[PDB]
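Notes for the structure review
Chain by chain, the residues:
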Amino acid sequence: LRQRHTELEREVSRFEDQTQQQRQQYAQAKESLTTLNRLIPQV
Amino acid sequence: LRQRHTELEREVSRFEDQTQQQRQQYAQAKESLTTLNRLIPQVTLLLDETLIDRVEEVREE
Amino acid sequence: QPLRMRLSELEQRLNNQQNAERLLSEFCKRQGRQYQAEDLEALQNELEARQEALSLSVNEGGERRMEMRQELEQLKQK
Amino acid sequence: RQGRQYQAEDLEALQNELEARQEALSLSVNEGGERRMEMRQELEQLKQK
């Protein structure tokens, strides 16, 4: 079960890393969309 | 333990119903929010309910 | 001649005003029937708050339901 | 800020792309969080075992 802990902690790390990078890039894109439709919505 | 299984099944049903309903409701809310911030994100302030009605005067001039 | 340019610019302004009015009416009919078109920013803020509520509710429901399912697994082994 | 000129003259099309990205944002983060949470509970189960 300690070996299972080790592999599980690796997998948890992978998902946390993947979500962090994904949300950072996607959030930057979302913020760009908000700036577009707030500053220049066909203005 | 079979009593526990029965009550736990009821609670599982409640969780599933609640999660489904909330996700649908907030998803429709998200769609409405995106339509607002797409079509009229402060464009109403550009409109400002002015009702200029001055093209006729400019045509007379 | 100045009035000619004024006329063209003002005609485009009327065009935009009708665009805004039409879009306002169609949304206010799609959600609500007449929904504070005069100042609707507050509703955008509340709907963003409700999206935060979405995240909270979905995460809480998922983790709790699956944790009690694991309790069910313990009961099953028992 | 994003791109360098990237067709700013009429940039409506880009917003749709960003909308696809925005939906995928919710999907990706929800699924990832749920997975890590599942293994957090499985880790608790292993700890208790």
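The present account deals with the structure reproduced in this document.

A look at the overall build of chain C
Counting secondary structure elements, chain C contains 2 helices and 0 strands. The globule rule puts the C-alpha radius of gyration for 78 residues at 12 Å, and the 26 Å found for chain C is more than 25% above it. The C-alpha extent of chain C, read off along each of the three principal axes, is 90 × 25 × 15 Å. Looking at chain C as shown, the accessible area adds up to about 5400 Å², and 49% of this sits on carbon and sulfur atoms.

Examining the packing of helix 1 (residues 2–39) of chain A against helix 1 (residues 12–48) of chain D
Two numbers describe how helix 1 of chain A lies on helix 1 of chain D: the axes approach to 8 Å, and their chain directions differ by 160 degrees. Regarding the angle of helix 1 of chain A to helix 1 of chain D, the classification is roughly antiparallel. Viewed along their axes, helix 1 of chain A and helix 1 of chain D form a crossing whose handedness is left-handed. Counted by class, the contact of helix 1 of chain A with helix 1 of chain D contains 16 nonpolar, 9 polar and 12 charged residues.

Description of the pattern of salt bridges
A full pass over the atoms with the stated rule returns 14 salt bridges over all chains. A salt bridge links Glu9 of chain C to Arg13 of chain C; the nearest nitrogen and oxygen atoms lie 2.3 Å apart. With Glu9 of chain C and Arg13 of chain C both in helix 1 (residues 2–30) and 4 residues apart, the pair spans about one turn of that helix. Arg64 of chain C is the salt-bridge partner of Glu67 of chain C, the closest N and O atoms lying 2.5 Å from each other. Of this pair, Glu67 of chain C and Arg64 of chain C are both found in helix 2 (residues 41–77), 3 residues apart, which corresponds to roughly one turn of the helix. Its relative accessible area of 34% is what places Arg64 of chain C among the partly exposed residues. A single network of salt bridges, built from pairs that share partners, joins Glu16 of chain A together with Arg36 and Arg40 of chain D.

What about the interface of chain D and chain C?
Taken together, the contact between chain D and chain C spans 7 residues of the former and 9 residues of the latter. Of the roughly 650 Å² buried between chain D and chain C on both sides combined, carbon and sulfur atoms contribute 51%. On inspection of chain D and its partner chain C, the count reaches 0 salt bridges. The interface formed by chain D and chain C holds 0 residue pairs in polar contact in total. A class-by-class count of the residues in the side of chain D that touches chain C yields 1 nonpolar, 3 polar and 3 charged.

Comments concerning the nonpolar core
Counting residues in each nonpolar core, the largest one holds 11 residues, listed as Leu36, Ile40, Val43 and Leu47 of chain B together with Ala20, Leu24, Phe27, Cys28, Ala37, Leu40 and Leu43 of chain C. The set of elements that each furnish at least two residues to this core consists of helix 2 (43–47) of chain B together with helix 1 of chain C. A total of 4 residues in this core trace back to one element, the largest contributor, which is helix 1 of chain C. The contacts of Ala20 of chain C, once residues within four sequence positions are left out, are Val43 and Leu47 of chain B.

Thoughts on the interface of chain C and chain B
Contacts between the two partners involve 34 residues from chain C and, on the opposite side, 33 residues from chain B. Between chain C and chain B, the buried area comes to about 3400 Å², and carbon and sulfur atoms account for 72% of it. Joining chain C to chain B, the criterion identifies 2 salt bridges. The partner of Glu16 of chain B in a salt bridge is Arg69 of chain C, and the shortest N-O contact between them spans 3.0 Å. At the level of elements, helix 1 and helix 2 of chain C are the ones that each hand at least two residues to the side of chain C that touches chain B. The element contributing the most residues to the side of chain C that touches chain B is helix 2 of chain C, with 19 residues.

The rules we used
- Residues numbered from 1 in each chain as written, not as in the entry; some residues may be left out.
- Chains lettered and ligands numbered in written order.
- Part of a larger assembly, values for the part shown.
- Heavy atoms only, no water.
- Helix = DSSP H or I, 4+ residues; strand = E, 2+ residues; numbered from the N terminus.
- Rg over C-alpha atoms; globule rule 2.2 N^0.38 Å.
- Areas by Shrake-Rupley, 256 points an atom, 1.4 Å probe, with all protein chains shown as cover.
- Axes fitted to C-alpha atoms, helices over the stretch in contact; angles between N-to-C directions.
- Parallel < 35°, antiparallel > 145°, perpendicular 65-115°, else oblique.
- Left-handed = near helix turned anticlockwise from the far one by under 90°.
- Nonpolar A, V, L, I, M, F, W, Y, C, P; charged D, E, K, R; others polar.
- Salt bridge = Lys/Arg side-chain N within 4 Å of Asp/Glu carboxyl O.
- Buried < 20%, exposed > 50% of the residue type's maximum accessible area, 1.4 Å probe, protein only.
- Contact = heavy atoms within 4.5 Å.
- Buried area = accessible area lost by both parts, 1.4 Å probe.
- Polar contact = N/O pair within 3.5 Å; in protein donor to acceptor, adjacent residues only side chain to side chain.
- Core = buried A, V, L, I, M, F, W, Y, C linked by side-chain atoms within 4.5 Å.

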